[PDB]
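Please read the structure below before turning to the comments.
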There are 2 protein chains.
Amino acid sequence: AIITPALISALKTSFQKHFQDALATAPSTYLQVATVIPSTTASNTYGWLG
Amino acid sequence: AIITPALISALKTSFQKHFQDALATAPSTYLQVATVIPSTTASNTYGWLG
């Protein structure tokens, strides 16, 4: 006649991490639509002739 | 002879430590009425069989 706190609830229970980091995020797709340009200062300026 | 107050007031004297630890009351008087139990845990559960 063990008291409920020390029962299947807590005393008899094993922790498992099968659900961890299983639901993923949508795959990255920004490369297909955008291109990467590096920078090394506060801003970047672009110019073309015509 | 004929020493100014600063030289007399200056620390020609040695500094001891017999003052410290004089009133150091002996701890651990609670062991007579209490037992020390390590936790290593947020909480502890104590349940005995009858």
Side-chain angles (χ1 to χ4, degrees):
Chain A
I2 177 65
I3 58 162
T4 302
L7 265 293
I8 318 303
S9 70
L11 183 61
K12 279 82 75 174
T13 198
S14 176
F15 192 68
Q16 305 275 122
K17 65 179 73 174
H18 277 257
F19 293 100
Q20 187 45 54
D21 63 31
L23 287 185
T25 306
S28 284
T29 48
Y30 77 105
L31 279 181
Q32 293 190 330
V33 302
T35 183
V36 185
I37 306 172
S39 179
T40 73
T41 191
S43 77
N44 264 18
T45 290
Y46 312 85
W48 57 105
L49 174 48
Chain B
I2 318 305
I3 312 301
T4 64
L7 277 296
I8 301 299
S9 287
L11 184 72
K12 307 193 147 62
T13 64
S14 55
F15 191 80
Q16 282 84 29
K17 319 282 164 90
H18 301 82
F19 41 76
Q20 200 76 62
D21 307 340
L23 296 185
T25 65
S28 178
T29 186
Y30 74 106
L31 298 180
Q32 308 185 241
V33 294
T35 177
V36 177
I37 294 166
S39 180
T40 66
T41 309
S43 174
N44 296 115
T45 313
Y46 302 115
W48 60 101
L49 187 74

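Letters A, B, ... are given to chains in the order of the sequence lines, protein chains preceding strands, and every chain is numbered from 1. When reading the values below, keep in mind they use all heavy atoms of this one structure, side chains included, and skip hydrogens, waters and symmetry mates.
- No more than 12 heavy atoms of other residues, nucleotides or ligands sit less than 6.0 Å from atom CZ of A:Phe15.
- The two atoms that bring A:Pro5 and A:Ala10 nearest to each other are O-CB, 3.3 Å, heavy atoms only.
- The shortest heavy-atom contact between B:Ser28 and B:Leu31 is OG-CD1, 2.7 Å.
- The number of heavy atoms from other shown groups lying within 6.0 Å of CG (A:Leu23) does not exceed 12.
- The 12-atom threshold is not exceeded at NZ of B:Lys17, counting heavy atoms of other residues, nucleotides or ligands nearer than 6.0 Å.
- Considering all non-hydrogen atoms of both residues, B:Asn44 and B:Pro38 come closest at ND2-O, 4.5 Å.
- At most 12 non-hydrogen atoms from other residues, nucleotides or ligands lie less than 6.0 angstrom from OH of A:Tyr30.
- Of the possible donor and acceptor atoms, one in the side chain of A:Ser9 sits under 3.5 Å from a partner among the backbone N and O of A:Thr4.
- Here CZ of B:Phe19 is found 9.5 Å from CG of B:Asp21. Values are rounded to the nearest 0.5 Å.
- Of all the heavy atoms in B:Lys12 and B:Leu7, the pair that sits closest is NZ-O, 2.6 Å.
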